[PDB]
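Chemist: Here the protein sequences line up with chains B, A, D and C, keeping their order. Letter by letter, the first sequence follows residues 46 to 60, 70 to 362 in the deposited numbering. Letter by letter, the second sequence follows residues 46 to 60, 70 to 362 in the deposited numbering. Letter by letter, the third sequence follows residues 46 to 60, 70 to 362 in the deposited numbering. Letter by letter, the fourth sequence follows residues 46 to 60, 70 to 362 in the deposited numbering. This is the structure I want to talk about, given as structure tokens.
There are 4 protein chains.
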Amino acid sequence: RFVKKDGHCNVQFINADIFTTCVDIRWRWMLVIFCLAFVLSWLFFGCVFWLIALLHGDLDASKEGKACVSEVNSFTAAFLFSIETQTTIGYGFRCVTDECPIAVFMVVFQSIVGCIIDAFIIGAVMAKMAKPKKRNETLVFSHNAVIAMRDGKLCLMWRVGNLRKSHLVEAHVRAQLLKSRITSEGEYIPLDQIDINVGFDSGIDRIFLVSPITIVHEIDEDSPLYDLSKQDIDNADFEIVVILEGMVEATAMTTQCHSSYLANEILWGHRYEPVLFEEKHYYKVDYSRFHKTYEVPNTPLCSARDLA
Amino acid sequence: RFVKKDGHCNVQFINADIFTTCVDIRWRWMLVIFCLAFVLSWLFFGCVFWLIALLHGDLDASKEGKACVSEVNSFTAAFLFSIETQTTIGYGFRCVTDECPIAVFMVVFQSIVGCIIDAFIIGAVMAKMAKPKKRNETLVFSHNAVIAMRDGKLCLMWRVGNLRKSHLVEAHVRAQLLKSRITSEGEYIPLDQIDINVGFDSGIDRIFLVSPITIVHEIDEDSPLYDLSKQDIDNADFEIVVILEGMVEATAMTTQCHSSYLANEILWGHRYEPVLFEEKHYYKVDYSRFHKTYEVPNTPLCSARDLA
Amino acid sequence: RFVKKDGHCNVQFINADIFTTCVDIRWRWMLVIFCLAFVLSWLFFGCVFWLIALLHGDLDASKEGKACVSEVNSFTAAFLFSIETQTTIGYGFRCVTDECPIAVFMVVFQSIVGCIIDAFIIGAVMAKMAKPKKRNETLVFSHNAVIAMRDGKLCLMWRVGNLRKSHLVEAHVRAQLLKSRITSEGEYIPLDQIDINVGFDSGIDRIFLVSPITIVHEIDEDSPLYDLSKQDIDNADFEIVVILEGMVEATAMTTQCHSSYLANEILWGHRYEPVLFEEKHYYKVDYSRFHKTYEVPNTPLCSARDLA
Amino acid sequence: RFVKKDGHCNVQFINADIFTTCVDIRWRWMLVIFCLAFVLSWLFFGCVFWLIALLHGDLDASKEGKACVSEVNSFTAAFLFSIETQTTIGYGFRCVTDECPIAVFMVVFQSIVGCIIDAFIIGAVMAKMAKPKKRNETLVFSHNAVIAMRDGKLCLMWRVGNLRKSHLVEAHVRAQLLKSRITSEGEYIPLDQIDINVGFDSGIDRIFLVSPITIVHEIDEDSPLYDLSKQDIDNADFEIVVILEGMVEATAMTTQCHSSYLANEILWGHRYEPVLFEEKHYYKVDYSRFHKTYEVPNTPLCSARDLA
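Here is the structure:
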């Protein structure tokens with residue numbers, strides 16, 4: 046019972071390219087990889103510079119006079135020379151001097167490595183408006199849930215506390231139930247496949263409406279609430295995880311929050327209203343108590359729905 | 046009766071991460087936050103530079119000779135040193151000198167802070183073609199509205215003054231009406247939920263047509279215009295806010311302009327035509343008077359529609 | 046009869071913010087506006103620098119000694135000073151010297167103008183994969199069109215020469231016909247509104263199929279081909295512009311190429327097949343002759359379709 | 046029988071703008087074009103600089119004294135001068151000197167070419183999250199396929215090994231079959247056009263469900279399996295290429311992998327189960343053997359399905 050590590054189907058007896075999605079950012083993290091790539095490139099350039107300054111035409115410390123390039127003080131000085139050149143700072147006193155064939159070749163390759171390294175930086179991630187870490191999920195869904203008589207014939211709706219700038223709302227159910235069934239000669243397909251959205255059936259979801267607050271209508275003979283309901287199904291339950299689908303301009307990215315809301319926590323309602331008016335007009339400012347809605351401390355342990 | 050502060054459902058007795075959507079631009083605004091972040095970073099670097107120049111190996115004003123770094127004149131000079139270095143200007147006379155261990159460490163971290171700060175700039179917002187502040191809403195909808203006999207059986211259409219480059223037009227109704235109804239044992243669901251698009255029913259909206267100018271057909275028994283219409287419903291009205299949905303490649307961003315057009319301002323039509331031809335061909339240049347269309351100073355206070 | 050300048054509805058007696075869509079590129083154009091904005095900003099900075107160098111604390115040519123800033127040679131030298139500083143080049147010999155209060159203020163504002171101008175550059179347009187100038191419209195539609203008997207009951211299809219990487223194909227008809235009709239008391243609505251896709255009705259378009267090559271089925275009583283067809287409707291025609299809709303992940307951007315294909319150029323078919331095999335397998339390389347398909351030099355001037 | 050070079054329709058007797075899609079990257083390729091454009095621009099600037107230094111006001115090697123610009127050592131030195139200036143490095147000792155009219159003009163045009171060339175770099179491709187080279191196609195479809203009795207009335211499903219982060223799954227069939235049929239007076243339309251998804255008909259595909267594993271229901275009279283099946287259709291087959299459509303937020307980009315799975319490789323099933331449990335719960339880690347599922351070494355060469 047998880048989300049990342051489910052879909053269990055395969056064993057026998059058990060029971070450079072980095073890129074991919076792993077190139078991202080974690081707020082105060084994941085820039086360390088970029089900075090270390092930077093410093094390794096810089097040190098590579100610096101060590102090449104020191105070795106060649108040991109073996110350059112003007113040699114170390116300009117033994118020939120009129121140096122082909124201002125030789126570095128030491129190996130660390132060559133590191134600093136590399137960083138100076140590539141970072142587009144360019145003092146000149148310690149940098150290249152009058153052109154020299156080998157010096158010309160190296161400096162043009164250094165210009166090349168500089169421009170493509172700047173390209174490496176421009177390959178910075180854009181974890182931005184398109185790919186944020188704080189999801190627009192300001193919709194408080196519910197808490198310990200409710201059943202009630204549902205107007206006798208499965209009529210109610212779910213709480214929604216959407217504040218996504220009061221706009222950008224359009225959803226559907228999609229979803230899928232789960233239970234290990236049986237099938238002839240197959241692997242029994244441990245899946246309901248029925249996808250019945252029975253319950254608070256009030257018809258806003260499949261209807262082309264801005265904010266689907268209700269769920270599509272699923273008539274009886276799919277739910278065990280023919281006769282006797284509430285506690286008989288509240289006690290007997292495994293997973294009634296409720297997941298909505300298809301809000302953000304597409305059904306794919308959407309949001310797949312678990313929200314188990316199992317029948318154990320759908321006990322008898324018990325959320326009358328803490329509002330002092332219950333119908334007119336309240337805040338003009340903000341929400342206060344989130345979910346409390348739809349009590350039913352009236353239907354006892356036994357509650358017939360359709361058979362009566 | 047608002048748009049930003051509606052959906053009133055919850056009280057009990059009342060009655070660093072910035073990011074989010076608040077990282078945006080307001081034309082001649084919201085760049086001040088970026089510039090102040092810049093200057094605070096720059097001053098932090100400068101004050102660190104001044105303190106370390108007070109405590110560097112070459113100390114203040116190069117008391118050791120052959121300075122590890124050209125020491126700044128003062129604290130403000132250290133501020134300018136920081137800005138000089140990070141902004142990739144790099145004079146050199148006041149900047150770093152022959153490499154020094156602590157100087158090497160600080161300057162490499164300064165290169166790091168420079169490259170990631172450039173990343174901070176590249177994290178500039180792109181409030182552009184994708185996210186503009188001037189919405190493509192050149193469609194003049196209407197003004198004080200009209201009723202007429204609607205060809206007896208709810209047949210008319212609404213004015214549209216679309217000039218969105220004469221293209222990029224495809225819409226639908228969606229929408230939803232509102233009124234505080236009652237329901238058994240529930241919160242009465244103060245919502246119509248019917249979503250009847252009754253009125254100028256002429257059938258272009260739901261039909262797969264480029265520019266839906268009309269509205270879908272809603273036959274009688276949903277509108278109080280069985281017998282007696284026009285003024286009886288014009289006087290008795292609360293909110294007939296007309297909102298279209300789903301134009302810009304999706305039903306979600308769309309446009310949700312109010313356009314109340316309540317039955318009080320649907321008085322008797324009174325827009326014959328100011329055109330001199332009324333049927334042939336007019337401008338080749340631009341619109342002039344927007345909305346004036348569809349008079350009806352003929353149907354009196356009493357106007358039967360279907361019952362007759 | 047146009048595309049940019051149609052929708053003629055309004056006259057009476059006639060008969070800084072730039073942004074918008076006008077911020078774009080035209081291949082070898084529209085970068086001139088960016089470069090001129092650049093140079094005007096640069097000249098503004100340079101002229102301010104020259105005037106202040108005339109009125110600075112160290113005055114022109116450092117009349118005070120130990121100049122607050124290396125004064126420019128002249129007004130053009132101040133222009134070059136500005137360009138040097140902002141473009142993040144930073145020599146130093148001609149640039150700022152030991153810090154000075156007014157010099158400190160000006161140089162920090164210059165750092166500000168530099169960073170926000172770099173922001174102006176980063177506000178470069180991205181006329182790229184998302185917004186290209188070369189549309190993926192490699193589909194050769196047709197030429198002088200064909201009618202034939204259409205299997206008696208409007209059965210044929212249109213040519214398609216799609217080579218959009220052999221993928222990314224999913225379309226529909228949508229569309230709309232046009233003719234000046236009449237209507238009671240209205241403006242007669244000079245529009246067909248019928249949107250009948252009569253003709254090569256073979257049923258792939260509305261069916262959820264990858265590449266809709268045919269058109270949806272429109273039975274007779276909508277086309278004048280009850281009895282007598284081909285030339286009687288070929289001669290009498292105004293505009294039969296054929297436009298497909300909804301290919302590129304949405305019905306809105308799509309493609310609205312005219313492709314008039316009027317009944318005058320639907321004369322008798324006359325495209326048998328220039329293929330040497332006509333059924334098996336041809337190129338493995340590329341297309342050759344585009345459109346030639348579906349002759350019918352057999353149906354004479356008179357051609358009954360349904361009445362017979 | 047291909048994908049890139051199909052759609053054979055046209056011969057007669059056969060039988070600067072680069073941009074387009076060809077501006078992309080191939081991992082360790084396609085940056086060479088960018089670097090060569092860079093170096094050609096740099097060499098153009100350098101050769102112009104050398105020629106003008108030969109013909110400048112201060113002439114070669116500053117024959118006038120107080121040079122308008124520090125003249126380069128040679129033609130290669132002019133190349134390096136160009137690269138130095140444009141790459142925003144800016145030493146100064148070899149670079150421009152006190153302003154000179156012609157020198158002013160050239161250096162301002164050089165600033166222009168520098169800023170627009172930086173624009174050329176910023177026109178770097180973004181072959182990234184939106185346009186990756188490694189497709190999210192971790193779904194193992196199947197191998198040598200199976201038929202079985204299909205519960206008598208075409209009831210089974212296809213294997214899916216999706217691991218696309220266990221989410222982002224929503225598909226449909228679309229597709230199209232192919233066979234050279236005949237038609238009256240037309241080109242015979244070598245295409246089935248039926249698009250019958252007959253086979254493992256179990257109804258999840260067209261149903262609005264998260265992961266469509268099955269295919270839509272196509273009853274008999276469309277498949278030759280009235281009486282006698284399995285081997286009679288397994289031996290007689292040309293192309294039964296199975297392609298799914300519409301997963302990645304749209305039906306257009308989707309995935310069009312061939313997966314021929316022709317009836318020759320649908321021989322008798324022969325994949326019982328290598329699982330040791332076959333129904334409960336296996337890995338919590340990863341897949342092992344991919345496809346092996348749905349044996350049927352029981353139906354002989356002759357196998358009636360519906361007629362019996």
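Where a beta carbon is used, it is the ideal one built from N, C-alpha and C, also for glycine.
1) Measure from the alpha carbon of D/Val194 to the alpha carbon of each residue in D/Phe344, D/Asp360 and D/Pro351, then state which is nearest.
2) Comparing the C-beta of B/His312 with each C-beta of chain C, is any distance below 8 Å?
3) Which residues of chain D have a Cβ atom closer than 9 Å to the Cβ of A/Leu85, listed in chain order?
4) Can you list, in chain order, the residues of the stretch 123 to 147 of chain D whose Cβ is nearer than 9 Å to any Cβ on chain C?
5) Under 8 Å between C-beta atoms, does C/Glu319 make it to chain D?
6) Which first and last residues belong to the alpha helix (DSSP H) in which C/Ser136 is found?
7) Tell me whether C/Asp288 sits in a helix, a strand or coil according to DSSP, three-state version.
8) Counting only Cβ-Cβ distances shorter than 7 Å, please list the residues of the stretch 189 to 221 of chain A near chain D, keeping chain order.
9) Residues in the stretch 81 to 114 of chain B with C-beta within 9 Å of chain A's C-beta atoms, listed in sequence order?
10) Would you kindly work out how many angstroms separate the C-alpha atoms of C/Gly257 and C/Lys219, rounded to a whole number?
11) With three or more C-beta pairs closer than 8 Å as the rule, is the stretch 230 to 241 of chain A touching the stretch 203 to 216 of chain B?
12) Can you tell which of C/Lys334, C/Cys311 and C/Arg235 has the C-alpha that lies nearest to the C-alpha of B/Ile236?
13) So which of B/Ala178, B/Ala199, B/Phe88 and B/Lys187 has the shortest CA-CA distance to B/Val295?
14) Quick one: list the residues of chain C neighbouring B/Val295, beta-carbon separation under 8 Å, in chain order.
15) Buried or exposed for A/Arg46, please, with buried defined as at least 16 other CB atoms from any protein chain shown within 10 angstroms of its CB.
16) What residues match up with D/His226 in a beta bridge as DSSP calls it?
17) Answer yes or no: does any C-beta atom of chain D fall closer than 8 Å to that of A/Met307?
18) Which same chain residues, not among the five before or five after C/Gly168, have their C-beta less than 8 Å away from its C-beta?
19) Within 8 Å, do at least three Cβ pairs link the stretch 119 to 136 of chain D to the stretch 149 to 159 of chain C?
20) Who are the neighbours of C/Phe262 on chain B, taking C-beta pairs under 7 Å?
21) To the nearest angstrom, how far is it from the Cα of C/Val56 to the Cα of D/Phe331?
22) Examine chain A for any beta-carbon lying closer than 8 Å to the beta-carbon of B/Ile273, and answer yes or no.
23) Considering only their Cβ atoms, is the gap separating A/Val162 from B/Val93 smaller than 8 Å?
24) Chain A beta carbons: is any one of them nearer than 8 Å to that of D/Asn60?
25) Within the present structure, is the beta-carbon of A/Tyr242 separated from the nearest heavy atom of the ligand FMN by less than 7 Å?
26) Do you know offhand how far A/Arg80's Cα is from C/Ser265's?
27) Alpha carbon to alpha carbon, how far is A/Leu109 from A/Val123?
28) Short check: CB of B/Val227 to CB of B/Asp259, under 8 Å?
29) Alpha carbon to alpha carbon, what distance is there between C/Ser313 and C/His197?
30) Any Cβ of chain B within less than 8 Å of the Cβ of C/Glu118?
31) DSSP three-state label for A/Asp340, please.
32) Which word fits A/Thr74, buried or exposed, when buried means at least 16 other C-beta atoms lie within 10 angstroms of its C-beta?
33) State yes or no: is the beta carbon of B/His335 nearer than 8 Å to at least one beta carbon in chain A?
34) Could you give the distance in angstroms between the alpha-carbon of C/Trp104 and the alpha-carbon of C/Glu125?
35) Given a cut-off of 8 Å, decide if A/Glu272 and A/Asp255 are closer than it, judged by their beta-carbon atoms.
36) Taking 8 Å as the CB-CB limit, is D/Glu224 close to chain C?
Modeler: Taking the geometry as given:
1) Taking only the C-alpha atoms, the option nearest D/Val194 is D/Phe344.
2) no
3) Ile170 and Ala173
4) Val126, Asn127, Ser128, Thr130, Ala131, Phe133, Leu134, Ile137, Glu138, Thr141, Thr142, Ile143, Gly144, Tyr145, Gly146 and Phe147
5) no
6) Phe129 to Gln140
7) helix
8) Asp205, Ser220 and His221
9) Listed by position, the residues of the stretch 81 to 114 of chain B near chain A (Cβ gap below 9 Å) are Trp81, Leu85, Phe88, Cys89, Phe92, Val93 and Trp96.
10) 25 Å
11) By the Cβ test, the stretch 203 to 216 of chain B is in contact with the stretch 230 to 241 of chain A, since at least three Cβ pairs between them sit closer than 8 Å.
12) C/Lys334
13) B/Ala199
14) Correct list: empty, because the minimum Cβ distance to chain C is about 13 Å.
15) Looking at its Cβ environment, which holds fewer than 16 other Cβ atoms inside 10 Å, A/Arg46 is exposed.
16) D/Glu299
17) no
18) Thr139, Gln140 and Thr142
19) Segments in contact, yes.
20) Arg228
21) 10 Å
22) no
23) yes
24) yes
25) Among the components modelled here there is no ligand, and therefore nothing to report on the ligand FMN.
26) Those two C-alpha atoms are separated by around 43 Å.
27) 12 Å
28) Cβ distance < 8 Å, so B/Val227 and B/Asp259 count as in contact.
29) 9 Å
30) no
31) coil
32) exposed
33) For B/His335, the nearest beta carbon of chain A is closer than 8 Å to its own beta carbon.
34) Their Cα atoms are separated by approximately 8 Å.
35) yes
36) At least one CB of chain C lies nearer than 8 Å to the CB of D/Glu224.
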